[PDB]
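Enquirer: So that we are looking at the same thing, I have put the structure below in structure tokens.
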Amino acid sequence: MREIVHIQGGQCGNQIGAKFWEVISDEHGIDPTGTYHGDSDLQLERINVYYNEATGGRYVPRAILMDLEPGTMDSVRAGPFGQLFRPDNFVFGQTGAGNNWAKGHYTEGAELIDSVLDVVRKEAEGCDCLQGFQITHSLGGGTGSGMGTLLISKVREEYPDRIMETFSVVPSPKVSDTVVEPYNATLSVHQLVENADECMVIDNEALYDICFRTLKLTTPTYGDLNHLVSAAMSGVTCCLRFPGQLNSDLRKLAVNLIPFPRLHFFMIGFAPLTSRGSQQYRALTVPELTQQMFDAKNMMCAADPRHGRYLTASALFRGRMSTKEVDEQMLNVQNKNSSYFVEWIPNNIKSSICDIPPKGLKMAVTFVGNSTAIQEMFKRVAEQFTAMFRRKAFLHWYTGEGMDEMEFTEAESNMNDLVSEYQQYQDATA
Amino acid sequence: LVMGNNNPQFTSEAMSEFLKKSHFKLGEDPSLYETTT
Ligand SMILES: Nc1nc2c(ncn2[C@@H]2O[C@H](COP(=O)(O)OP(=O)(O)O)[C@@H](O)[C@H]2O)c(=O)[nH]1
């Protein structure tokens, strides 16, 4: 009943999903053996969105774990909450991609992806009425960035009217992990802009900055980063699972946030986030939540929104609060920051209220914003890519198994066209 | 002539027989259900 399936790809995607499912199970009161031990009735009335019913009274997540090397999935199967997943849903290759977009999209993706399409079909149309798909992956890794986007293409072709959502991790050069990042990042962006309905960008640099500054903890870990990402993911779809004053689902959010068909790259942030020592020095109130929400540093991207203009903004509030206060705060912010809001879109913030807060918290907010500042990421990635591609560095590895330089030229042209089109509306006047 | 005194040596080269994982975050408050309606 308007449920959404989960497909995670690559090492990064598997690490994201292994924590997201733990967070969801904790929220819904599902034990690691799959037996419900909750405290109220509201925890089971919409449990069908993310889970399936099996014999014996246990629940199984409707997730599909696909990858090219079995090491990551063997690691996540032995961890806590690793017994929930159906062992059939594990699909793996034998050779891997080796951080090669060409290998992950042409030479092993074509051979393997048939089985994962079969399992995606089974899980998706075994449902009552599908709501959409959500994907977690990173654009810096070969197998993920290629096979996941080919999966996006085929799934979109087979389901043209469904909602497609992706949580993308964009590689930053300040903290770089792969010397071949620009190539596969550009190719993935080109293949994604044509198909994906919604895309969100996450940056490990911004995650490190948040963990060091706000939480004020000495040594962050990928567990902590995955925890922030999982909280952000659950915040978006909480309203689809719990009753609220103003209900709003993924399709509503997309319709209200996407002005033009090709502008679907958002950035997200979460609030409140306070350190342990100063956790109770603050007071949970709507003005404090909204100021920490609209704080530029709190955003999960290195793209500074103060360098551009917000096309639209979205705020999903969790808890019990007064709609008059929420609307007054939104109007006050939109009036006090008139410069950063493009003028031909009056009242350009959407608001929502959900009565069930995250566990352990009384008030929490999920923010999704589309601002003209993300073009800096595209410009920098294109600059690095063209610098590398001028001298034909690392080109033979990609061209040895099917591609030609014409597709790279087309990717550059499309990427620059996207940049120009997206910066066009920044200086537009009414 | 006397060659030397060191009687045997006879020894070659020989080699003798001889948790981050989890996360640290989150603050807890008592659960508050029962929506407004
Ligand atoms: N947020 C987050 N990012 C990760 C994690 N593990 C890896 N990454 C990022 O993923 C990138 C490498 O991805 P990769 O392992 O090559 O993906 P794959 O090729 O699909 O397996 C690196 O730049 C990391 O920053 C994680 O647990 N959390």
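Cβ atoms are placed via backbone N, Cα and C, with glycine included.
Residues or ranges marked as GTP binding site by Swiss-Prot: A:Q11, A:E69, A:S138, A:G142, A:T143, A:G144, A:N204, A:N226. Feature annotation from Swiss-Prot assigns Mg(2+) binding site to A:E69.
Walk me through the surroundings of each of these features.
Expert: Residue density at A:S138 (GTP binding site): 28 other Cβ atoms are found within 10 A of its Cβ, drawing on all protein chains shown.
The C-beta environment of A:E69 (GTP binding site), restricted to residues of the same chain at least 6 apart in sequence and closer than 8 Å, consists of A:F92, A:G93, A:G96, A:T143. A:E69 (GTP binding site) falls within neither a helix nor a strand when secondary structure is assigned with DSSP, and so counts as coil.
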Enquirer: Looking at the binding-site residues A:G142, A:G144, which sits with the largest number of other Cβ atoms within 10 Å of its Cβ?
Expert: A:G144
Enquirer: Write out the long-range same-chain contacts of A:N204 (GTP binding site), meaning residues 6 or more apart in sequence whose Cβ is under 8 Å from its Cβ.
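Expert: Once residues fewer than 6 apart are set aside, A:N204 (GTP binding site) is near A:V169, A:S172, A:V175, A:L225.
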Enquirer: With every protein chain in view, how many other Cβ atoms are within 10 Å of the Cβ of A:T143 (GTP binding site)?
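Expert: For A:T143 (GTP binding site), the count of other Cβ atoms within 10 Å is 30.
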Enquirer: Just name the binding-site residues among A:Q11, A:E69, A:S138, A:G142, A:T143, A:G144 whose Cβ comes within less than 8 Å of a chain B Cβ; none is a fine answer.
Expert: none
